[PDB]
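An overview of the molecular structure
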Amino acid sequence: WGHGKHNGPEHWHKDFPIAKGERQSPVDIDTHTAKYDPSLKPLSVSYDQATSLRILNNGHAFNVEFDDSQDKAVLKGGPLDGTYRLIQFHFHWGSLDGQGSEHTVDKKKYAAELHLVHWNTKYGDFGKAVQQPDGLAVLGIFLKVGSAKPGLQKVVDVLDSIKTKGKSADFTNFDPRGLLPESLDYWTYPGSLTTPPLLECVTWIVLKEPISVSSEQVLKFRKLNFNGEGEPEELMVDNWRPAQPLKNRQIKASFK
Ligand SMILES: [Zn+2]
């Protein structure tokens, strides 16, 4: 599977039947229908001990991996029960600035969408957590083109060394706090991973406030390849999945 014309999101239902499940993601967020739920606690992000380790091109995106052998970079509160550890973050972007994000707000598409993935510690490891309705907590942040994001530059500068699928590079001492927006107001709903196996084990937390990156910054995301060092060059762009039916789910907002 992939995002191409012949193995794209439209073909996934064949290998992964859950593609047509009840709590698939992403979805379009209707700001006027989402309900304000006063009982939501504020989000608690603790990334001061976060230990980044590696960045790799897995042929679908590039992941920054963190040491999740301990409670050093966690997410808590909000609609979450328990502690979730940060294991990795990656992005989804388009071939053009008018698209790229997975989630949409009132049908508006952003240039890209950042995903910070955490798993519920009560389940021992990531592998067991993705098998639970409440095993993962993904923090979604939209990116719009404008002013450059200083804290993201360390990432774009190394993209040259993991151009092709399979490549990885040491990536230590990266502070994920630099990617967060000023505010933490969010929308939340139960969903799934946006790429196969597409398991419905995620509690989505989408931040209302997007962050700004420069045209030159997102531009370097597009110079990556889906192919391995051998195959013909296939630029890595539009690796996002289209909105899925909300079905019988409700989107909660932590603000009004
Ligand atoms: Zn993602």
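Residues numbered from 1 in each chain as written, not as in the entry; some residues may be left out. Heavy atoms only, no water.

Structure determination for this PDB entry was carried out by X-ray crystallography, with a resolution of 2.30 Å recorded in the header.

Looking up the protein in the PDB entry gives the name Carbonic Anhydrase II, with the organism given as Homo sapiens. Checking UniProt for the protein, the heading Subunit (literature references left out) contains the comment "Interacts with SLC4A4. Interaction with SLC4A7 regulates SLC4A7 transporter activity. Interacts with SLC26A6 isoform 4 (via C-terminus cytoplasmic domain)." UniProt, in its Sequence similarities section for the protein, records the words "Belongs to the alpha-carbonic anhydrase family." (UniProt positions renumbered as here; feature names shortened; annotations may be inferred.)

Check the secondary structure of the protein and you find four helices and 15 strands. Taking 18 Å as the expected radius of gyration for a compact globule of 256 residues, we find that the protein reaches 17 Å, a close match to that expectation. Projecting the C-alpha coordinates of the protein onto the three principal axes gives extents of approximately 50 × 40 × 40 Å. When each of the 256 residues of the protein is scored for burial, the buried share is 51%. Across the protein, contacts joining residues at least 24 apart in sequence account for 70% of those joining residues at least 6 apart. For the protein, the exposed area adds up to about 11,700 Å²; of that, 50% sits on carbon and sulfur atoms. (Helix = DSSP H or I, 4+ residues; strand = E, 2+ residues; numbered from the N terminus. Rg over C-alpha atoms; globule rule 2.2 N^0.38 Å. Buried < 20%, exposed > 50% of the residue type's maximum accessible area, 1.4 Å probe, protein only. Contact = heavy atoms within 4.5 Å. Areas by Shrake-Rupley, 256 points an atom, 1.4 Å probe, with all protein chains shown as cover.)

Only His90 (NE2), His92 (NE2) and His115 (ND1) from the protein coordinate the zinc ion, and they sit 2.0 to 2.1 Å from it. A residue is classified by how much of its surface remains accessible, and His92, at 3% relative accessible area, is buried. Looking at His115, the relative accessible area reads 1%, which means it is buried. (Donors = N, O, S within 2.8 Å, 3.2 Å for Na, K, Ca; no water.)

Let us look at the nonpolar core. Ranked by size, the top nonpolar core spans 43 residues in total, and within it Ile55, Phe62, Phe89 and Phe91 carry the most contacts. Counting residues per element, the ones that place at least two in this core are β5 (62–66), β7 (84–93), β9 (112–120), β10 (136–145), α3 (153–156), β13 (202–207), β14 (211–213) and α4 (215–221). A per-element tally of this core places β7 first, with five residues. Those residues in contact with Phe62 that sit more than four places away from it in its chain are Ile55, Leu56, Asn57, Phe89, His90, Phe91, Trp93, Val155, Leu159, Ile162, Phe221 and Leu224. In terms of nonpolar packing, the next biggest core, distinct from the first, is built from 24 residues, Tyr110, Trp119, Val202 and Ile251 among them. (Core = buried A, V, L, I, M, F, W, Y, C linked by side-chain atoms within 4.5 Å.)

Below, the discussion takes up the UniProt feature "active site" in the protein. Within this numbering scheme, the UniProt entry marks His60 as carrying the feature "active site". By the element assignment, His60 lies in the loop between β4 (52–57) and β5. Ignoring anything within four residues of it in the chain, the contact list for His60 reads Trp1, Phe226, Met236 and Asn239.

Put simply, the largest pocket is a space of about 410 Å³. For the largest pocket, the lining is made up of 21 residues, of which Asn63, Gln88, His90, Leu193 and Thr195 are closest to its centre. Of all the elements in the fold, those that place two or more residues in the lining of the largest pocket are β7 and β9. Tallying contributions element by element places β7 first for the lining of the largest pocket, with four residues. Roughly 170 Å³ of internal volume is contained in the second largest pocket. Every residue lining the second largest pocket is listed: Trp1, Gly2, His3, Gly4, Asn7, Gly59, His60, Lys165, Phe226, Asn227 and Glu234. (1 Å grid on protein atoms, 1.4 Å probe; cavity = no way out; pocket = protein on both sides within 12 Å on 5 of 7 lines; lining within 4 Å. Points joined across faces, edges and corners; volume = space filled by probe spheres on them.)

Locating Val130 in the fold gives a position in the loop between α2 (126–129) and β10. By relative accessible area, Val130 is classed as buried at 12%. A sequence separation of 73 residues divides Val130 from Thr203, and the C-alpha atoms of the two residues are 11 Å apart. Other than its neighbours up to four places away in sequence, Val130 contacts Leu136, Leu199 and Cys201.

Here we take up the packing of aromatic side chains. Counted by the stated rule, this structure contains 12 aromatic pairs. Residues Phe62 and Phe91 carry aromatic rings whose centres are separated by 5.5 Å and whose planes lie at 35° to one another, so their mutual orientation is tilted. Residue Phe62 is located in strand β5, and its partner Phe91 is located in strand β7; the two are separated by 29 residues in the primary sequence. For the residue pair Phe62 and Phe91, the accessibility class agrees, reading buried in each case. Taking NZ or CZ as reference, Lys208 lies 5.4 Å from the ring centre of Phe255, over its face. (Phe/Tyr/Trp six-rings, centres within 6.5 Å; stacked < 30°, edge-to-face > 60°. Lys NZ or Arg CZ within 6 Å of the ring centre and 35° of its normal.)

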